[PDB]
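Just follow the structure's listing: the first ligand is 1, and inside any ligand the first atom is 1. No hydrogens, no waters, no symmetry mates; every other heavy atom, side chains included, goes into these values. Reminder, nothing fancy here: chain letters follow the sequence lines and each chain counts from 1.
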4 protein chains.
Amino acid sequence: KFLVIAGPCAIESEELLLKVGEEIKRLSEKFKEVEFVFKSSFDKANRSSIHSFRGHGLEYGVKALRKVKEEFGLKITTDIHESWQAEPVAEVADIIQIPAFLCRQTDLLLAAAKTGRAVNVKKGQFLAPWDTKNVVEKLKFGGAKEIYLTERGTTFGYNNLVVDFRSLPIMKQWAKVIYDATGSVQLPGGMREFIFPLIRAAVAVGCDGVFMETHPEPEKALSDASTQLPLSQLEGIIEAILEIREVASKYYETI
Amino acid sequence: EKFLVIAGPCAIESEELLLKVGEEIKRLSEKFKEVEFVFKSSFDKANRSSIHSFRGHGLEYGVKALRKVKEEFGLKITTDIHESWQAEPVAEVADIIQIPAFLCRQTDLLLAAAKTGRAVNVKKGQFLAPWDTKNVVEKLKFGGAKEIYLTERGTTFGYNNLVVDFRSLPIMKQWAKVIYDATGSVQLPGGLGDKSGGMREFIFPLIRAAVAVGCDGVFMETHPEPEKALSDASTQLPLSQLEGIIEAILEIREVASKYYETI
Amino acid sequence: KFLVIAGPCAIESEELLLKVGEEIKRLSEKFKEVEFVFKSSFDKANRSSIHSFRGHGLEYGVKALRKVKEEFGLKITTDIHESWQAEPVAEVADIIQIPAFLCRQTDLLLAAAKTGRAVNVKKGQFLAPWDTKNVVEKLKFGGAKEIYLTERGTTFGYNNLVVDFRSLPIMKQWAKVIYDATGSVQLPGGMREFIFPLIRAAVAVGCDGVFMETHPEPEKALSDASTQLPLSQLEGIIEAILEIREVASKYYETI
Amino acid sequence: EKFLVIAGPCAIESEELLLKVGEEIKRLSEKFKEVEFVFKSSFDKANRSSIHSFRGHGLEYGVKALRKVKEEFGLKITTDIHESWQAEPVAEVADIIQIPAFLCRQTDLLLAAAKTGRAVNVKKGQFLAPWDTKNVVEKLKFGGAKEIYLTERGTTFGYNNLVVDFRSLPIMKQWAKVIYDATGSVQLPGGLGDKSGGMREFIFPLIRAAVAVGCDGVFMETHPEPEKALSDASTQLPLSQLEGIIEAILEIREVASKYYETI
Ligand SMILES: O=P(O)(O)OC[C@@H](O)[C@@H](O)[C@H](O)CO
Ligand SMILES: O=P(O)(O)OC[C@@H](O)[C@@H](O)[C@H](O)CO
């Protein structure tokens, strides 16, 4: 079924995770046609500044995510940054996320695949759509069976990302495709006003799921404060994309 | 508001070609009554890459051919101008005067079109940022234009490639009605060396994106047999597929419409 | 010999043209190895704003340029915007300049070629280096014998131009190549600090000439105030590029 | 200041290959005494496009091979790390620890390299703007790095193509010494499908541009027979051409030097 990956960018506390998980659970019960996956990072390992918020560590993060899966029965996904993190994260993560800058790091991909979990690779801002075929091949070689590729924009001049929707049908040739609605509008080194319009475009074109970072109060977020979707707006957007998908799906081109 | 569909063969290869396409557009206009159709065709391809490529049969012949389409089918007409002096004669038949993408900053051309009293549709230059179309609209208003359109047709992305930044739709909507050029946006400028290339397989997906985001109309160059077209053979939509595409975008527009943001 | 095309962006008055022409003449006498061509536009036909300075008209402009050639014996170059302007401009213009946005307008190119004058086409920000071969062919078909292609940057994201120096050797295959040092640093819709560094790069790579818009007081210029080179700095830059060219020329690759 | 020339085969194909290249670099270091040479080679290509491409013979073998080069020729050494744990063992032989372009924002990797006390050279990510390297240098200084380099190696320009924006040289010079990667800047990422492409014909012209603009050193991957290289076969410079290139850039640097702007 259609996938909706959502949650706060970073694990600011398992308190926040529980408050967001509660809403994700409610939507999960309301939209039985959709498969929800809770997401949050235990570490922002690639912040621009050395003085920015990274997180509370792997152990604290896995614990918090563990509480979300136990308390709400929701699937989990988080990203890893170095090979050794794949094993401990796989304990709770149903889907292991590979950061965009690291989409070409062979050992990280292999380490994720070895865990037997599903793998979701964020497409690097430097990669062409067709370049992702090799990424999928590495994962298959590593034993991965459930593979996703996430569109999150491509480098367009400096401090700007553009979404080339031609990427969706191209990547669908070798993997399930996810559209990152919040990451695609960020200005590297973003505009929330474009999150909804572009996600509508994503489902009109055709994808297997959407990815959205959401926070009760984005402006207070410790990471991605300018792009995280306010929690209260999630339901409306999901209902909207489901309706558009229902009508547009008749026209999705065959593989 | 009535959705606009601008369509027709890229170039006026012959008056016969125009009437054939015009007949189909007229038929669709009778079926899709909620759509405002405007027949398009260029009397001159003044910016071909190669000196050896087809340009046209002249302004005189073209206008005459376009007038025949309007007379026979009662369809609104649009064609593009390339130099200031062409605005007057063209305004005699054209309901909408089109400004080529490379010429979107040529003040005199914009002014020439604006003083005719006809509607003006400016193709957004591949070098222009969305927010910089505000001054383009200002020039037209200054020149007397009362009905203005801005057409998204892609932006230079590396060499011989164009990308469509859909954020341009809501940005440009701030100052003019917005049209999405479904066939021009998938062309590969100079992709074939002496001619430009294109990827027809992406025409439909991107037009679905356009209506989901929200626009005031779509622009599509269509030809009975694109493979044999004298210009844009790689991007013109087979005429037989026009009906299906229009039905689809009207369906997607309807379902997405309640979510279009207010400007 | 090496070409240096320089002058104020727009003809704000024949007074300005004479003051700049006087300096250009002095340098012309100092650098006999270089061929100087005086440049200025009689009309800025593509300003972003309808309220910006365009000029004093074709007639007034040609007259002013005519005075420069008569009073200083300098060659002249100015740009045309519509086909009908080629004939009257050719009366004084030794080199007819084709604006970047208009580099694909067949009739403008043909009209320029018909005059029998040399033609210098500014490479559109949307053109790939190899795409210029067809531009040259149009001019040759139109009777042009002296053809130049000028590098002035390529669209790089929004409101930014990047100079891909690979363009110089590529375009040299079919035409003489000129580097526009002032236009290449402008930010469409620039930084003067990069004019000199990039022009040094241009001659190190290898070109047939440089193009620079210069004004006694750029900040007071009616057009391109942010990129025009202060007149007093022209001599130093020319001497500098001549020295670099002298040494680097030993390494310029054969056609 | 002494000009830096970082050169060597892309990957450590064998200890034999390293000694062959090392011998030539040593010879050039004896001729060009005004240049500081640093021998480069990767013990692992951890980011190949294809799972079937050559990666290397492991960290242990690589370090041993690099130490042999340093021992036999007395040359400074540089190699890249891919994960934090590699900084310590690599610092035992490497005078300069190299940070891969895709990893230029990985905080822990930068920190790992900085605490070794060795010099650190960061390849500028193809996604990074020049002004955003300021924070990269800040992270390294925070981590204890006292000798920092930033290497220009091109920026994403459309698909499978890189462009060198030379404005980056004077911008980055504001916070670190700047190196120009002459061979990486002409590669066509994923250009050959399973492998990346490249245009060797542009290596020399662009390196001439780099020294005319002004930089603190150049980086060049070189191999006796590039055509047979196991990695970057399309961009590595034939070893026989290294001497000529170095002589040329030293000549251009000298004549342009009086014009380098003060930061
Ligand atoms: O085929 P060439 O001559 O390159 O012309 C490209 C066409 O696609 C042309 O009509 C284009 O969209 C012009 O603006
Ligand atoms: O040939 P592939 O595997 O694409 O790798 C590209 C090389 O050019 C590679 O070593 C590159 O510069 C990696 O960063």
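In summary, the atoms of ligand 1 found under 4.0 Å from a heavy atom of B/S49, numbered by their order in the structure, are 2 (P), 3 (O), 4 (O). For ligand 1, the atoms sitting less than 4.0 Å from at least one non-hydrogen atom of B/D232 are 7 (C), 8 (O), 10 (O), numbered in the order shown with element in parentheses. Close contacts between ligand 1 and B/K45 involve ligand atoms 10 (O) [criterion: under 4.0 Å to a heavy atom].
Of the heavy atoms in B/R48, both backbone and side-chain atoms come closer than 4.0 Å to ligand 1. At a heavy-atom distance under 4.0 Å, no atom of B/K123 approaches ligand 1. When heavy-atom distances to ligand 2 are checked against a 4.0 Å cut-off, D/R153 comes that close only through its side chain, counted from C-beta outward.
Heavy-atom contacts from other residues, nucleotides or ligands closer than 6.0 Å to CZ of A/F141 number 12 or fewer. In B/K45, the NZ atom is crowded: over 12 heavy atoms of neighbouring residues, nucleotides or ligands sit closer than 6.0 Å.
Remark: the D/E13 side chain and the D/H57 side chain contain no N/O donor-acceptor pair separated by less than 3.5 Å. Inspection of the A/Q125 and D/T156 side chains reveals no N or O donor paired with an N or O acceptor under 3.5 Å.
Classification of D/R48 and D/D232 as a salt-bridged pair fails, no side-chain N sitting under 4.0 Å from a carboxylate O. Salt bridge annotation for B/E225-B/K228: present, with a cationic side-chain nitrogen under 4.0 angstrom from a carboxylate oxygen.
Backbone and side-chain nitrogen or oxygen atoms of D/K195 are examined, and none is located within less than 3.5 angstrom of a nitrogen or oxygen of ligand 2. By the 3.5 Å distance cut-off applied to N or O atoms, B/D194 is not counted among the residues near ligand 1. For a threshold of 3.5 Å applied to N or O pairs, the pair formed by D/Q187 and ligand 2 contains at least one separation below that value.
Annotation: C/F126 is in aromatic contact with B/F102 [ring centroid separation under 6.0 Å]. In this structure, B/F157 has its ring center closer than 6.0 angstrom to the ring center of D/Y159.
Closest to atom 13 (C) of ligand 2 among all protein heavy atoms lies D/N47 OD1, 3.0 Å.
When D/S196, D/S231, D/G154 are checked for heavy-atom proximity to atom 6 (C) of ligand 2, D/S196 turns out nearest.
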